[PDB]
Amino acid sequence: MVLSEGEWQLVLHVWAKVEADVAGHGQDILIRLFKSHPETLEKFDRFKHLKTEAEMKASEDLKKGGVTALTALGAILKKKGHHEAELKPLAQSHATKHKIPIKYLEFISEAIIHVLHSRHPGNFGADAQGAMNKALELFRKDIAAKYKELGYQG
């Protein structure tokens, strides 16, 4: 499932807007994830104490975690599919230490799409959302294959 250059440019043009304020986008995305799928919060200990959206917005550690995850994702997207080196350590840490199933990567992909659709209607019309979906599907397919190589069914 190879993206075209035109699809990559749609992905990168909306990501350029995320990069005006990665911290604020990360807060919105993690909060959307945790509200839509509370098991992703309650099962991981780093944030399991956060009870409300107000607590989530006030959490400096949640903000930092969102910046870390979105910056890693941006580096993957900028490789335009040539992301084998970037996926290796990420797959290992997410398949061995604290196991993050593919289902949860699907949930955060939905949260990314939801927040980009809300914040960026000027760069996230239907074609751009389809391109981002393709990019996130490729990411998940390749990390799922690495999970299996590493001994984790995902």
# chains A, B, ... in the order shown; residues from 1 in each chain; ligands from 1
>>> residues_around(residues="residue A:71", least_positions_apart="5", cutoff="12 Å", atoms="only C-alpha atoms", output="PyMOL selection string")
chain A and resi 15-16+18-19+21-23+25-26+64-66+76-78+86
>>> write_last_selection(atoms="N, CA, C and O atoms", output="tab-separated table (two decimals), in the first residue's frame")
chain	number	residue	atom	x	y	z
A	15	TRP	N	0.52	18.39	8.34
A	15	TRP	CA	1.45	18.25	9.44
A	15	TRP	C	2.20	19.55	9.70
A	15	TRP	O	2.53	19.87	10.85
A	16	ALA	N	2.47	20.32	8.64
A	16	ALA	CA	3.08	21.64	8.81
A	16	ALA	C	2.26	22.53	9.74
A	16	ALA	O	2.82	23.38	10.45
A	18	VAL	N	0.15	21.30	12.21
A	18	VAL	CA	0.40	20.72	13.53
A	18	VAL	C	1.65	21.31	14.15
A	18	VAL	O	1.70	21.63	15.34
A	19	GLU	N	2.69	21.47	13.34
A	19	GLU	CA	3.98	21.93	13.84
A	19	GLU	C	3.98	23.40	14.25
A	19	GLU	O	4.98	23.86	14.82
A	21	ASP	N	2.17	24.29	16.61
A	21	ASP	CA	1.92	24.15	18.03
A	21	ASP	C	1.76	22.67	18.34
A	21	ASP	O	0.64	22.17	18.57
A	22	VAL	N	2.86	21.91	18.32
A	22	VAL	CA	2.72	20.47	18.50
A	22	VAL	C	2.17	20.15	19.88
A	22	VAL	O	1.38	19.21	20.05
A	23	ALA	N	2.55	20.93	20.90
A	23	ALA	CA	2.08	20.66	22.26
A	23	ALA	C	0.56	20.73	22.34
A	23	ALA	O	-0.08	19.87	22.94
A	25	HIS	N	-1.66	20.47	19.92
A	25	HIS	CA	-2.27	19.38	19.16
A	25	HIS	C	-2.17	18.07	19.93
A	25	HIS	O	-3.12	17.28	19.93
A	26	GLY	N	-1.01	17.82	20.58
A	26	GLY	CA	-0.84	16.59	21.35
A	26	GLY	C	-1.80	16.50	22.52
A	26	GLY	O	-2.35	15.42	22.79
A	64	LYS	N	3.94	16.77	27.70
A	64	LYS	CA	5.24	16.29	27.25
A	64	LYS	C	5.11	14.99	26.48
A	64	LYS	O	5.76	14.79	25.43
A	65	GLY	N	4.26	14.08	26.96
A	65	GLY	CA	4.09	12.83	26.25
A	65	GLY	C	3.49	13.02	24.88
A	65	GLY	O	3.83	12.32	23.93
A	66	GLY	N	2.56	13.97	24.74
A	66	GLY	CA	1.99	14.24	23.44
A	66	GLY	C	3.03	14.81	22.49
A	66	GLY	O	3.06	14.46	21.31
A	76	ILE	N	8.42	9.97	11.30
A	76	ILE	CA	8.03	8.83	10.47
A	76	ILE	C	7.37	9.32	9.19
A	76	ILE	O	7.73	8.89	8.08
A	77	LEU	N	6.40	10.24	9.32
A	77	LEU	CA	5.68	10.72	8.13
A	77	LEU	C	6.64	11.38	7.14
A	77	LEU	O	6.49	11.22	5.92
A	78	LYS	N	7.63	12.13	7.63
A	78	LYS	CA	8.58	12.81	6.75
A	78	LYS	C	9.46	11.84	5.97
A	78	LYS	O	9.98	12.22	4.92
A	86	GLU	N	13.18	4.14	11.97
A	86	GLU	CA	12.39	4.79	13.02
A	86	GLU	C	11.43	3.81	13.68
A	86	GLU	O	11.18	3.92	14.90
>>> residues_around(residues="stretch 89-102 of chain A", least_positions_apart="5", cutoff="12 Å", atoms="only C-alpha atoms", output="PyMOL selection string")
chain A and resi 39-41+43-46+68-69+72-73+76+83-84+107-109+136-137+139-154
>>> atom_distance(atom1="atom CA of residue A:50", atom2="atom CA of residue A:63")
12.9 Å
>>> closest_residue(among="A:138, A:14, A:3, A:67", to="residue A:105", atoms="only C-alpha atoms")
A:138
>>> closest_residue(among="A:32, A:79, A:88, A:51", to="residue A:11", atoms="only C-alpha atoms")
A:79
>>> residues_around(residues="residue A:4", least_positions_apart="4", cutoff="12 Å", atoms="only C-alpha atoms", output="ChimeraX atom specification")
/A:8-11,80-81,130-132,134-135
>>> closest_residue(among="A:1, A:12, A:85, A:56", to="residue A:31", atoms="only C-alpha atoms")
A:56
>>> select_by_dssp(residues="chain A", states="alpha helix (DSSP H)", output="PyMOL selection string")
chain A and resi 5-18+22-36+39-42+53-58+60-78+84-92+102-119+126-149
>>> closest_residue(among="A:127, A:33, A:27, A:48", to="residue A:60", atoms="only C-alpha atoms")
A:27
>>> atom_distance(atom1="atom CA of residue A:116", atom2="atom CA of residue A:52")
22.4 Å
>>> closest_residue(among="A:106, A:28, A:42, A:5", to="residue A:54", atoms="only C-alpha atoms")
A:28
>>> decode(residues="stretch 55-106 of chain A", atoms="C-alpha atoms", output="compact mmCIF listing (two decimals), in the first residue's frame")
# COMPACT_ATOMS: atom_id res chain seq x y z
CA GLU A 55 -6.89 17.34 34.99
CA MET A 56 -5.63 16.16 31.61
CA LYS A 57 -5.29 19.74 30.30
CA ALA A 58 -3.38 20.79 33.42
CA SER A 59 -0.94 17.83 33.24
CA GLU A 60 2.53 18.89 32.17
CA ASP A 61 3.51 15.23 31.81
CA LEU A 62 0.60 14.58 29.42
CA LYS A 63 1.65 17.59 27.36
CA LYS A 64 5.24 16.29 27.25
CA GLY A 65 4.09 12.83 26.25
CA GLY A 66 1.99 14.24 23.44
CA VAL A 67 4.95 16.25 22.14
CA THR A 68 7.18 13.18 22.24
CA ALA A 69 4.69 10.92 20.43
CA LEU A 70 3.66 13.45 17.76
CA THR A 71 7.28 14.43 17.04
CA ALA A 72 8.17 10.74 16.55
CA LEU A 73 5.14 10.36 14.27
CA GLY A 74 6.15 13.48 12.31
CA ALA A 75 9.62 12.04 11.78
CA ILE A 76 8.03 8.83 10.47
CA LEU A 77 5.68 10.72 8.13
CA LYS A 78 8.58 12.81 6.75
CA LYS A 79 10.30 9.58 5.66
CA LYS A 80 7.37 9.06 3.22
CA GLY A 81 7.31 5.31 3.82
CA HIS A 82 11.08 4.80 4.28
CA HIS A 83 10.70 4.51 8.03
CA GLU A 84 12.27 1.14 8.86
CA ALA A 85 14.94 2.67 11.13
CA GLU A 86 12.39 4.79 13.02
CA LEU A 87 9.98 1.89 13.55
CA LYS A 88 12.58 -0.50 15.03
CA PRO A 89 13.00 1.09 18.50
CA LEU A 90 9.36 2.17 18.66
CA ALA A 91 8.08 -1.33 17.88
CA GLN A 92 10.42 -2.85 20.44
CA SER A 93 9.47 -0.52 23.26
CA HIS A 94 5.75 -0.86 22.47
CA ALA A 95 5.81 -4.67 22.09
CA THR A 96 7.94 -5.63 25.08
CA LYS A 97 8.01 -3.09 27.92
CA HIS A 98 4.43 -1.80 27.97
CA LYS A 99 2.54 -3.63 25.25
CA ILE A 100 0.38 -1.33 23.11
CA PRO A 101 -1.93 -3.43 20.91
CA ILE A 102 -2.62 -2.52 17.30
CA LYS A 103 -6.20 -1.75 18.41
CA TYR A 104 -4.86 1.16 20.47
CA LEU A 105 -2.80 2.45 17.54
CA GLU A 106 -6.05 2.38 15.58
